[PDB]
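K.L.:
Supplied in structure tokens, the structure appears directly below.
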There are 2 protein chains.
Amino acid sequence: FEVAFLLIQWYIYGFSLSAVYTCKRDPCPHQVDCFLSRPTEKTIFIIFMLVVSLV
Amino acid sequence: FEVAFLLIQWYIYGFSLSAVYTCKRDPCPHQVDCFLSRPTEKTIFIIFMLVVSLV
Ligand SMILES: CCCCCCCCCCCCCC
Ligand SMILES: CCCCCCCCCCCCCC
Ligand SMILES: CCCCCCCCCCCCCC
Ligand SMILES: CCCCCCCCCCCCCC
Ligand SMILES: CCCCCCCCCCCCCC
Ligand SMILES: CCCCCCCCCCCCCC
Ligand SMILES: CCCCCCCCCCCCCC
Ligand SMILES: CCCCCCCCCCCCCC
Ligand SMILES: CCCCCCCCCCCCCC
Ligand SMILES: CCCCCCCCCCCCCC
């Protein structure tokens with residue numbers, strides 16, 4: 001289960017977050033720029049949890 | 001002068017107007033859709049003036 005969850009997380013998200021996201025889904029016209037909340041703290045916590053899982 | 005003005009108008013605009021315009025100039029992000037005012041009456045008047053100039 002540990003390995004499966006780690007692989008799924010790696011495939012879907014990764015281990016980092018960026019502040020700006022580009023969206024190309026309807027009904028948005030041709031493109032849209034969107035902005036996230038607290039994109040730096042969450043990376044730190046993600047890394048912490050990754051280390052715990054590996055241990 | 002008549003011929004020169006007709007050629008310039010043909011090169012720059014044409015002889016019609018569309019209701020939706022696509023803009024890709026900064027600072028607009030990646031693209032923008034814009035909408036015009038009275039895009040059908042102006043075509044009629046443009047055609048009238050073209051006919052007058054040719055006559
Ligand atoms: C341990 C339980 C994990 C559940 C696995 C079921 C498959 C998860 C989705 C796989 C990715 C889907 C991409 C479209
Ligand atoms: C700029 C942010 C870079 C983050 C990339 C992911 C780094 C993962 C670090 C893993 C180190 C710990 C391994 C045991
Ligand atoms: C964009 C820069 C992000 C900075 C990442 C620093 C993460 C530090 C995590 C340390 C985890 C240690 C686990 C024992
Ligand atoms: C500023 C760039 C930071 C690059 C990522 C930092 C996290 C990697 C170190 C992880 C600590 C591991 C402790 C066991
Ligand atoms: C991030 C990966 C951590 C791996 C180290 C985990 C501790 C293993 C200790 C090895 C010594 C075994 C003594 C019983
Ligand atoms: C009869 C007076 C007409 C003036 C002609 C001067 C040139 C007009 C501009 C030509 C097109 C410029 C495209 C960058
Ligand atoms: C759907 C709008 C079509 C407009 C295209 C321009 C047509 C020009 C008509 C010229 C006819 C008169 C020539 C003497
Ligand atoms: C998109 C459809 C626009 C309809 C264009 C009709 C223009 C009629 C102009 C007639 C001019 C006659 C000059 C004598
Ligand atoms: C509905 C489509 C209309 C196509 C353009 C109509 C304008 C062309 C006729 C111009 C009249 C010329 C009179 C001398
Ligand atoms: C749209 C172009 C109009 C061209 C016709 C202009 C009238 C020319 C009449 C030709 C007969 C000459 C008799 C002197």
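Chain labels A, B, ... are given in the sequence in which chains occur in the structure tokens; within each chain residues are numbered consecutively from 1, and ligands are likewise numbered from 1 in the order shown.
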Can you pull out the residues contacting range 33-35 of chain B? Cut-off 10 Å, using only C-alpha atoms, and skip same-chain residues under 5 positions away; I want them as number ranges by chain.
P.N.:
A: 29-30; B: 18-24
K.L.:
List the spatial neighbours of residue 6 in chain B as a ChimeraX atom specification - criterion: any atom at most 12 Å away, only C-alpha atoms, same-chain residues fewer than 2 positions off excluded.
P.N.:
/B:1-4,8-15,46,49-54
K.L.:
In Å to one decimal, how far is CA of residue 32 in chain A from atom 5 (C, counted along the ligand's line) of ligand 2?
P.N.:
25.5 Å
K.L.:
Could you please write out, as a short mmCIF file (atom, residue, chain, number, x, y, z; two decimals) with C-alpha atoms, in the first residue's frame, every residue of range 18-55 of chain A that DSSP assigns to strand (DSSP E)?
P.N.:
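states_13.cif was written with the following content:
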```
data_model
loop_
_atom_site.label_atom_id
_atom_site.label_comp_id
_atom_site.auth_asym_id
_atom_site.auth_seq_id
_atom_site.Cartn_x
_atom_site.Cartn_y
_atom_site.Cartn_z
CA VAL A 20 0.60 30.10 -11.42
CA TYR A 21 -1.58 27.57 -13.25
CA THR A 22 -2.70 27.63 -16.89
CA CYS A 23 -6.24 26.43 -17.63
CA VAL A 32 -6.75 31.44 -18.32
CA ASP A 33 -4.14 32.19 -15.68
CA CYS A 34 -5.05 31.20 -12.12
CA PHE A 35 -3.24 31.72 -8.82
#
```
K.L.:
Residues within 6 Å of ligand 8 should be enumerated using only C-alpha atoms and all ligand atoms and returned as a list in words.
P.N.:
residues 44, 47 and 48 of chain B
K.L.:
Given the choices B:31, B:16, B:37, B:43, which gets closest to chain A if the distance is worked out from only C-alpha atoms?
P.N.:
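For chain A, the nearest of the candidates is B:31.
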K.L.:
Please identify which residues in chain A DSSP calls helix (DSSP H, G or I) from the backbone, and express them as a compact mmCIF listing (two decimals) with N, CA, C and O atoms, in the first residue's frame.
P.N.:
```txt
# COMPACT_ATOMS: atom_id res chain seq x y z
N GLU A 2 1.92 1.28 0.81
CA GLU A 2 2.81 2.44 0.81
C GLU A 2 3.33 2.73 -0.59
O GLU A 2 3.26 3.87 -1.07
N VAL A 3 3.86 1.71 -1.26
CA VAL A 3 4.45 1.91 -2.58
C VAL A 3 3.39 2.37 -3.57
O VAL A 3 3.63 3.26 -4.39
N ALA A 4 2.20 1.76 -3.52
CA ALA A 4 1.15 2.12 -4.46
C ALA A 4 0.76 3.59 -4.29
O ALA A 4 0.62 4.32 -5.28
N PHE A 5 0.57 4.03 -3.05
CA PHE A 5 0.18 5.42 -2.82
C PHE A 5 1.28 6.38 -3.27
O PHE A 5 1.00 7.42 -3.87
N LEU A 6 2.54 6.04 -2.99
CA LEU A 6 3.63 6.90 -3.43
C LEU A 6 3.66 7.02 -4.95
O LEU A 6 3.83 8.11 -5.50
N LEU A 7 3.49 5.90 -5.66
CA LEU A 7 3.50 5.93 -7.11
C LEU A 7 2.35 6.77 -7.66
O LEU A 7 2.53 7.55 -8.60
N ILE A 8 1.15 6.60 -7.09
CA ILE A 8 0.01 7.38 -7.57
C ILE A 8 0.26 8.87 -7.35
O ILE A 8 -0.01 9.69 -8.24
N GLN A 9 0.76 9.24 -6.17
CA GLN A 9 1.04 10.65 -5.91
C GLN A 9 2.07 11.20 -6.88
O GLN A 9 1.94 12.32 -7.37
N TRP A 10 3.12 10.42 -7.16
CA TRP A 10 4.13 10.87 -8.11
C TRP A 10 3.52 11.08 -9.49
O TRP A 10 3.84 12.06 -10.18
N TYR A 11 2.65 10.16 -9.92
CA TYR A 11 2.08 10.27 -11.26
C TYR A 11 1.13 11.45 -11.38
O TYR A 11 1.14 12.16 -12.39
N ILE A 12 0.31 11.69 -10.36
CA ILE A 12 -0.75 12.69 -10.50
C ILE A 12 -0.21 14.10 -10.27
O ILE A 12 -0.43 15.00 -11.09
N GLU A 41 4.49 26.71 1.61
CA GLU A 41 4.35 25.91 2.82
C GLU A 41 3.97 24.47 2.48
O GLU A 41 4.49 23.51 3.06
N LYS A 42 3.05 24.32 1.53
CA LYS A 42 2.55 23.00 1.17
C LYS A 42 3.66 22.12 0.62
O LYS A 42 3.68 20.91 0.86
N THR A 43 4.61 22.70 -0.12
CA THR A 43 5.75 21.93 -0.59
C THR A 43 6.56 21.38 0.58
O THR A 43 6.98 20.21 0.57
N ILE A 44 6.79 22.21 1.60
CA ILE A 44 7.53 21.77 2.78
C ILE A 44 6.83 20.59 3.44
O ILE A 44 7.45 19.57 3.77
N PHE A 45 5.52 20.71 3.63
CA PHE A 45 4.79 19.63 4.29
C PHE A 45 4.78 18.37 3.43
O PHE A 45 4.87 17.25 3.96
N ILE A 46 4.68 18.52 2.11
CA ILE A 46 4.73 17.37 1.21
C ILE A 46 6.05 16.62 1.38
O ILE A 46 6.09 15.39 1.45
N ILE A 47 7.15 17.37 1.42
CA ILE A 47 8.46 16.74 1.57
C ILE A 47 8.56 16.03 2.92
O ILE A 47 9.09 14.91 3.01
N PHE A 48 8.06 16.66 3.98
CA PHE A 48 8.05 16.01 5.29
C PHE A 48 7.33 14.66 5.22
O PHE A 48 7.85 13.63 5.68
N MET A 49 6.13 14.65 4.65
CA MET A 49 5.35 13.41 4.60
C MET A 49 6.04 12.36 3.74
O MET A 49 6.00 11.16 4.06
N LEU A 50 6.68 12.78 2.65
CA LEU A 50 7.43 11.83 1.82
C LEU A 50 8.53 11.16 2.63
O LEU A 50 8.71 9.93 2.56
N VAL A 51 9.28 11.95 3.39
CA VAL A 51 10.36 11.38 4.20
C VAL A 51 9.80 10.39 5.21
O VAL A 51 10.35 9.30 5.41
N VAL A 52 8.70 10.75 5.87
CA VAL A 52 8.10 9.85 6.86
C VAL A 52 7.70 8.53 6.20
O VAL A 52 7.95 7.45 6.75
N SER A 53 7.08 8.60 5.03
CA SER A 53 6.64 7.39 4.35
C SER A 53 7.83 6.50 3.98
O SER A 53 7.77 5.27 4.14
N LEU A 54 8.91 7.10 3.48
CA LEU A 54 10.09 6.31 3.14
C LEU A 54 10.67 5.62 4.37
O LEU A 54 11.05 4.44 4.31
```
K.L.:
In Å to one decimal, how far is atom 2 (C, counted along the ligand's line) of ligand 3 from CA of residue 55 in chain A?
P.N.:
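That distance, rounded to one decimal, is 22.3 Å.
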K.L.:
Could you work out how far atom 1 (C, counted along the ligand's line) of ligand 2 lies from CA of residue 40 in chain A, giving the answer in Å with one decimal?
P.N.:
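Spanning CA of residue 40 in chain A to atom 1 (C, counted along the ligand's line) of ligand 2 is a straight-line distance of 9.3 Å.
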